[PDB]
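Contents: one structure, followed by commentary.
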Amino acid sequence: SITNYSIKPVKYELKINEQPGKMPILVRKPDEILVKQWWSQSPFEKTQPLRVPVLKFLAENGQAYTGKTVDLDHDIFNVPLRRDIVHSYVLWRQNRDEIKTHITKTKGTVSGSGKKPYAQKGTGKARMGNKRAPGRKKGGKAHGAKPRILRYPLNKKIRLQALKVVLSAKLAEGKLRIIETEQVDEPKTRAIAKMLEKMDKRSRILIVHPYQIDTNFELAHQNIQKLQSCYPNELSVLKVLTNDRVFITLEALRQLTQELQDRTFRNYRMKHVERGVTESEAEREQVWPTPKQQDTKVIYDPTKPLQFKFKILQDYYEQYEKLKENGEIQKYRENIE
Amino acid sequence: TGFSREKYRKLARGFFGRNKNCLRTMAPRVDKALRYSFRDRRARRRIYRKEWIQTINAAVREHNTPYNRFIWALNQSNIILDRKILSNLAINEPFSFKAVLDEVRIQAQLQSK
Amino acid sequence: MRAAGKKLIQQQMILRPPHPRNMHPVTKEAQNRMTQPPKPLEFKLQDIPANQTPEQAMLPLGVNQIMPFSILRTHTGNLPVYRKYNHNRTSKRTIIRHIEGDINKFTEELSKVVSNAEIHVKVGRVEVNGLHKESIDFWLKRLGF
Amino acid sequence: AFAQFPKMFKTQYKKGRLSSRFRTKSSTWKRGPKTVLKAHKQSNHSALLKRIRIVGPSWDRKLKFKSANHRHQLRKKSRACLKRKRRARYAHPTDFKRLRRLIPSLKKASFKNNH
Amino acid sequence: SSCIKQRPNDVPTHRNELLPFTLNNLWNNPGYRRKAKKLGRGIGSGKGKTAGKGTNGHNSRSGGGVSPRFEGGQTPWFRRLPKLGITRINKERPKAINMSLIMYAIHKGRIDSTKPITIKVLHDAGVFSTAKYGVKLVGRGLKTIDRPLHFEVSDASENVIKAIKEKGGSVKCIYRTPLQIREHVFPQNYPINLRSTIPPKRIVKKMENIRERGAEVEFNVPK
Amino acid sequence: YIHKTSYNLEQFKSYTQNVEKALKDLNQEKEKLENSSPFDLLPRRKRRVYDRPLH
Amino acid sequence: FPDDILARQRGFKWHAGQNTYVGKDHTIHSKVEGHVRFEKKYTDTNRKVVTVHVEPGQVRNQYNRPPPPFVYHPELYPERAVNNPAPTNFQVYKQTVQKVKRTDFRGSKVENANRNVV
RNA sequence: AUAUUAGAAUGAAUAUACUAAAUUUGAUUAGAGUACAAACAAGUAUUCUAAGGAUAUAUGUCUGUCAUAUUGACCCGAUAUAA
RNA sequence: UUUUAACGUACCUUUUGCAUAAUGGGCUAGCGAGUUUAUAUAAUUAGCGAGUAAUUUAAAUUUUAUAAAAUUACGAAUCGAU
RNA sequence: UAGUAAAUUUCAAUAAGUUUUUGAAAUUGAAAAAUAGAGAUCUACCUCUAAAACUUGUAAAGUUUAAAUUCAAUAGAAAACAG
Ligand SMILES: [Mg+2]
Ligand SMILES: [Mg+2]
Ligand SMILES: [Mg+2]
Ligand SMILES: [Mg+2]
Ligand SMILES: [Mg+2]
Ligand SMILES: [Mg+2]
Ligand SMILES: [Mg+2]
Ligand SMILES: [Mg+2]
Ligand SMILES: [Mg+2]
Ligand SMILES: [Mg+2]
Ligand SMILES: [Mg+2]
Ligand SMILES: [Mg+2]
Ligand SMILES: [Mg+2]
Ligand SMILES: [Mg+2]
Ligand SMILES: [Mg+2]
Ligand SMILES: [Mg+2]
Ligand SMILES: [Mg+2]
Ligand SMILES: [Mg+2]
Ligand SMILES: [Mg+2]
Ligand SMILES: [Mg+2]
Ligand SMILES: [Mg+2]
Ligand SMILES: [Mg+2]
Ligand SMILES: [Mg+2]
Ligand SMILES: [Mg+2]
Ligand SMILES: [Mg+2]
Ligand SMILES: [Mg+2]
Ligand SMILES: [Mg+2]
Ligand SMILES: [Mg+2]
Ligand SMILES: [Mg+2]
Ligand SMILES: [Mg+2]
Ligand SMILES: [Mg+2]
Ligand SMILES: [Mg+2]
Ligand SMILES: [Mg+2]
Ligand SMILES: [Mg+2]
Ligand SMILES: [Mg+2]
Ligand SMILES: [Mg+2]
Ligand SMILES: [Mg+2]
Ligand SMILES: [Mg+2]
Ligand SMILES: [Mg+2]
Ligand SMILES: [Mg+2]
Ligand SMILES: [Mg+2]
Ligand SMILES: [Mg+2]
Ligand SMILES: [Mg+2]
Ligand SMILES: [Mg+2]
Ligand SMILES: [Mg+2]
Ligand SMILES: [Mg+2]
Ligand SMILES: [Mg+2]
Ligand SMILES: [Mg+2]
Ligand SMILES: [Mg+2]
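Written out as structure tokens, the structure is:
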């Protein structure tokens, strides 16, 4: 829905459903059409909502099902799959934080003496005027390497769109799974690993977890070479690609949607629209507030007199009252519209 | 260069002297081998037709006709046969040659002497 | 200022019949492709009400029909069909963007409106030879996208 | 994001000029104030622009000038010729395409309207 | 040369399979990067013996090439033709904004027709982005005018001022320097209301052309 | 003569524009040759008004 | 067309005619559109004397022609559609016919045969 | 078709050319445009529209001389001036 | 692998043109020549579209997504010595 | 911060090859905020300013360490103990 980007997004509410019994399925449209029509045709259907379950985080496949489902958003997880948009991202990211300093030596920088080893005439051999030239001993290349800088720009509405595609592929390829919560009794790695290894030994996993973490988790997930964690604030296209699986917690999904659903609005903003502090910015002061200045203000006390510390304000306050008497102050007053 | 050096040395195994190992002579002397071969193949189909005549032009004069008036009737005649076989016949299968020679004379109303 | 000489005559020769064009047969293919008679539409059209305010003309109409393909408006509320040119304006093409669904059923229906002109399918858009913008927007509103 | 940024990709000042745009008694009067060594940018050719005025929309550009043999000797010429001078003369394509290259800023209207 | 063939409709973009989004299974649509034949590197390529330069002339050299000024010692197009008069003097002009733009927005809802239109109202709506030295109401799309309008701009022309007043409305032209305009558009940066100038001769002579067109005018009058 | 038969009306919008001008030019030129006075028919140098006739 | 040159010369080597206008350099312009007519006649003593007249008729329209066709669709634009053109049938190309290669020589297959299997 | 037609040569004209005479300054101003020729720039012939004149049945003719050569770019500078 | 038969005057450079008695190479392995940056114009593949286009984040000090920000630059209007 | 400000001829650096300004060489040399100077030569009007000092640590080659960008013995440095 490219339309309805210029309207400001209201706060996001998960429309959860409690659906016990079996785990609901979600039908992938046939593979053939997604090959020939790979930019006009979504992976999943657009009118039908995406009733996706919510599972546990330490629990095997058959045994993990709470009895609930979520309804995800089409604009983020049901877009057409375009490698055209991702390929131009990856070549950008790989070259923005790159500088080359290595340099090869020319005919000049190379050591030497800047004369002729021997005159042209009478030696019966080639004309060798300048020394350390290319082709000659200790020569320097004429067309070698130079120091340079590889950062080039890329339009911003496709640094964005290249992420929605990827999340709309991990759900479609099969990979991503939803999580109720990250929560562990201990700060100890014993909790995750035992239930994790039987779950999936081989998968480089990504987890996106809300701003407000559990301390039991932050100490445990590290040391586990397969895993990797991210706030929803920071989720790059690479981290979904470098890693095979990806898990998303239930509360963090509100934070991801409300970010992307806002990060579009900041870019797609028809100028007459009024922006302000958005729900993504407002939720990040509650957690990490910015220290504000002090409210200490003074109020005038007409009962008591005035005495300023600065010598000038005194001399400026004494002359002021003198003009009230003479009535000449009104020359100094202004009225500009 | 184009042909590898493991490949030049195959085309120049049995050459003479430094025209087999070294490169500044082997490459142009392999190239001429291939310019010549491309030529000698289209010339190969010429020489045999010079041979096929030359065996017919002497096997037919034992029967007291020359080559020219022989094939003059052969194209008049109903027969399709080539100059190839008529060579092989006169050497290896000579009786059938005189057979073929007879109707050709006759369908053209030719008379030897 | 009125002209004179050959610069007026040519200006007057628009009201005279033409001399027929000797042409390369490549055109003769085209005019056989272009003058080929029309065909009925698989997806029918709903009429525009009359005396419609301009503030309402910019709005969409409601779809009635179940169609495989869809086409999306912008983040402004207009239809995404646009013209394109060279630096010298010798190639003249319309564009369509934000297409969904079976494109093959979109080109079969498009080609009926443009008198069966050449269509260039590209990733994310469809370029068509000949400025025929007003004809399309008159057709997409009249379906109600 | 660059963990380390060099010194040579920063701004580069010229060599034959001072280290400040102001001087004292102890300063120098041969060398001049400071400047910045920017990368080269092809500039519009100032002579062309004084022999020409620019015409036309962004997609079909033309170059108006005045013809020659008009100023020194006028007695020696027919009324027709002198009247064939007063009009406009737009440049020929064979010369226009040698001359786009000396005008990198041509299609920008802020340049045109000033010329 | 620059000219390259458009990718046809027959060329497939897909790869006949449904492959994942890994860092190995990526590609971009063809025609997106031409590959030049590396020069000087082979008989088999058509540019080996000489990199398309030719036989031994001057353009065949390192640093070879005359400029597009040179014509063989022949006098060039520049020093031959005559020199012309002066360029503009009033480089500091308003912009031209057609009715087809201000009226386009009114049919949306971005502007209230019941209020006096000003420069800022057009700036915030999205009619334009930058305007030093004001605005002019040069007229294209006059006929679309449906309602009374009340403009407050720097300049305007005859047909527009006429075509408005037929329906109703008015036009008021104001003199404003950039430092005053930028106070109007960007009030956040100028918390002190600024005085009004007293303009010189050249402003008057333009501002009296406006009054001849049946407009309304605002400027500090000289004595 | 008029080209009744159809064509792209916005491809060749100028063709519509060019035709209407020629039609106006005819009517502008017929009305004059009807409404003109025999002074206006003459060339310049005999439209004039001299007091004394010749001799 | 009028104001068009028909000749450049030194003296009236080709004399003028009607619906023309000569010039200082004895050129010969035309006065109105039409076709040229070179007329010759002989004097008392076999002198060939040629004129350059013009026949003031009009001329083919090779310069301003109408635009090419287009077929409007009726239930979209019906009023434009009544005036549609009829489909052309231009003979673009000639349909060729292949050469029939002989097939007797490519022999036939035998089914259920006899052999000297080893 | 010679005589000639301002001067070289060719070409052409014979209502040319030569000669006598009466009135006179079109050897004027402005604007639009085609064609020949033509790398470019340059050069050439002239119709149409407007003002203001001459000639004098004018009904009309004239925007230097029968034609072709009879010269020089741009810059800088200069006198008079419709801005 | 030898003999016989027929055919057959090298290579690169330069040139109107060379087996050329015109230049150059004793053979071999390895080094050995359109590369880098910036601006403008065009074309091609894409993004958004009457609007479009952000990172001196070269930072923050555990250390990030290039998270904002359209001032500004181009823009659907040209004519005239001015 | 009175032999100062400023002035005449010349030059320098000021985008300017010329007509300023800022400074220097030679020659002359003021007033007292009511005064003085700049504003591309001169005049008038007006506006702005007040011709004293001090103040931004890491610049540079060389050695060593850690990290990024690179070569892997005809490369990298002239030198895998080599000035
Ligand atoms: Mg050196
Ligand atoms: Mg030697
Ligand atoms: Mg040297
Ligand atoms: Mg080296
Ligand atoms: Mg780059
Ligand atoms: Mg934007
Ligand atoms: Mg043969
Ligand atoms: Mg002059
Ligand atoms: Mg003029
Ligand atoms: Mg070649
Ligand atoms: Mg070579
Ligand atoms: Mg050479
Ligand atoms: Mg040469
Ligand atoms: Mg050359
Ligand atoms: Mg050189
Ligand atoms: Mg070149
Ligand atoms: Mg004449
Ligand atoms: Mg003469
Ligand atoms: Mg003569
Ligand atoms: Mg004159
Ligand atoms: Mg021609
Ligand atoms: Mg010319
Ligand atoms: Mg002449
Ligand atoms: Mg005359
Ligand atoms: Mg000169
Ligand atoms: Mg031999
Ligand atoms: Mg040579
Ligand atoms: Mg020679
Ligand atoms: Mg050659
Ligand atoms: Mg030979
Ligand atoms: Mg020899
Ligand atoms: Mg030699
Ligand atoms: Mg030799
Ligand atoms: Mg030589
Ligand atoms: Mg030698
Ligand atoms: Mg050697
Ligand atoms: Mg030797
Ligand atoms: Mg070697
Ligand atoms: Mg100087
Ligand atoms: Mg300088
Ligand atoms: Mg001075
Ligand atoms: Mg001083
Ligand atoms: Mg001073
Ligand atoms: Mg001064
Ligand atoms: Mg001044
Ligand atoms: Mg100091
Ligand atoms: Mg080794
Ligand atoms: Mg070694
Ligand atoms: Mg070494």
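Protein chains in written order, with the authors' numbering: chain Ae, 22 to 270, 272 to 359; chain Au, 2 to 114; chain AL, 1 to 145; chain AF, 50 to 164; chain Aq, 33 to 255; chain AR, 62 to 116; chain AA, 61 to 178.
Backbone N, C-alpha and C define an ideal beta-carbon position, used for all residues, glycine too.
Query                                                                                                                             : Result
Helix, strand or coil at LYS121 (chain Ae) [DSSP, three-state]                                                                    : strand
Identity of the residues DSSP links to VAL92 (chain AA) by a beta bridge                                                          : Looking at the DSSP assignment, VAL92 (chain AA) forms no beta bridge with any residue, so it has no partner.
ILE235 (chain Aq), enclosing alpha helix (DSSP H) - first and last residue                                                        : 233 to 244
At least 3 beta-carbon pairs within less than 8 Å: the segment 116 to 131 of chain AL vs the segment 124 to 138 of chain AF       : no
Assigned secondary structure, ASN129 (chain AL) (DSSP; H/G/I helix, E/B strand, else coil)                                        : strand
Stretch pair the segment 188 to 206 of chain Ae + the segment 171 to 178 of chain Ae: three plus CB contacts closer than 8 Å      : no
Own chain, CB closer than 8 Å to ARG30 (chain Au), minus 5 neighbours either side, in chain order                                 : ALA13, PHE16, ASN20
Cutoff 8 Å: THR148 (chain AA) Cβ touching any chain AL Cβ                                                                         : yes
Minimum C-alpha distance to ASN121 (chain AA) - residue among AL:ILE14, AL:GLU127, AL:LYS112, AL:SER111                           : AL:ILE14
Burial state of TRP60 (chain Ae) (16 or more Cβ within 10 Å)                                                                      : buried
Ordered list of beta strand (DSSP E) runs contained in the segment 25 to 77 of chain AL, each at least 3 residues                 : none
CA nearest to the CA of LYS168 (chain Aq), picked from Aq:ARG179, Aq:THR176, Aq:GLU184                                            : Aq:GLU184
8 Å Cβ cutoff met for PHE51 (chain AF) and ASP118 (chain Ae)                                                                      : yes
Under the three-state DSSP convention, the category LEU112 (chain AF) falls into                                                  : strand
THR73 (chain AF) beta carbon near ligand 46 (any heavy atom closer than 7 Å)                                                      : yes
Beta-carbon gap between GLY97 (chain Aq) and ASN91 (chain Aq) smaller than 8 Å                                                    : yes
Quiz: which residues have CB nearer than 7 Å to ligand 4 non-hydrogen atoms                                                       : Ae:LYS126, Ae:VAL131, Ae:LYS159, Ae:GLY160, Ae:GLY161
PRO74 (chain Ae) in three-state terms, based on DSSP                                                                              : strand
Rounded separation between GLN246 (chain Ae) and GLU307 (chain Ae) - CA only                                                      : 33 Å
Neighbourhood of ligand 7 [Cβ distance below 7 Å to any heavy atom], ordered by chain position                                    : Au:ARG47, Au:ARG50
Where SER202 (chain Aq) sits in the DSSP three-state scheme                                                                       : strand
Under the three-state DSSP convention, the category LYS108 (chain AA) falls into                                                  : strand
Uninterrupted beta strand (DSSP E) stretches inside the segment 82 to 156 of chain AF (no shorter than 3 residues)                : 102 to 104, 111 to 114
Spatial neighbours of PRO70 (chain Ae) in its chain, beta-carbon cut-off 6 Å, leaving aside the 5 residues before and after       : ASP92
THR77 (chain AR) - containing alpha helix (DSSP H), residue span                                                                  : 74 to 96
Cβ of residue 26 (chain AR) within 8 Å of any chain AL Cβ                                                                         : The structure shown does not extend to residue 26 (chain AR), since chain AR is modelled only from 62 through 116, so no value can be given for it.
Exposed unless 16 or more other CB atoms sit within 10 angstroms - verdict on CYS130 (chain AF)                                   : exposed
Sufficient close CB pairs (3 or more, under 8 Å) joining the segment 250 to 265 of chain Ae to the segment 218 to 236 of chain Ae : yes
Separation of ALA68 (chain Aq) from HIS230 (chain Ae), as counted between CA atoms                                                : 48 Å
Contact list for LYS65 (chain AR) against chain AA, beta-carbon separation under 7 Å                                              : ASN143
Distance CB(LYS127 (chain Aq))-CB(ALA163 (chain Aq)) smaller than 8 Å                                                             : yes
Assigned secondary structure, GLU248 (chain Aq) (DSSP; H/G/I helix, E/B strand, else coil)                                        : strand
Secondary structure of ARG97 (chain AA), DSSP reduced to three states                                                             : strand
The segment 88 to 99 of chain AA touching the segment 111 to 119 of chain AA, judged by at least three CB pairs closer than 8 Å   : yes
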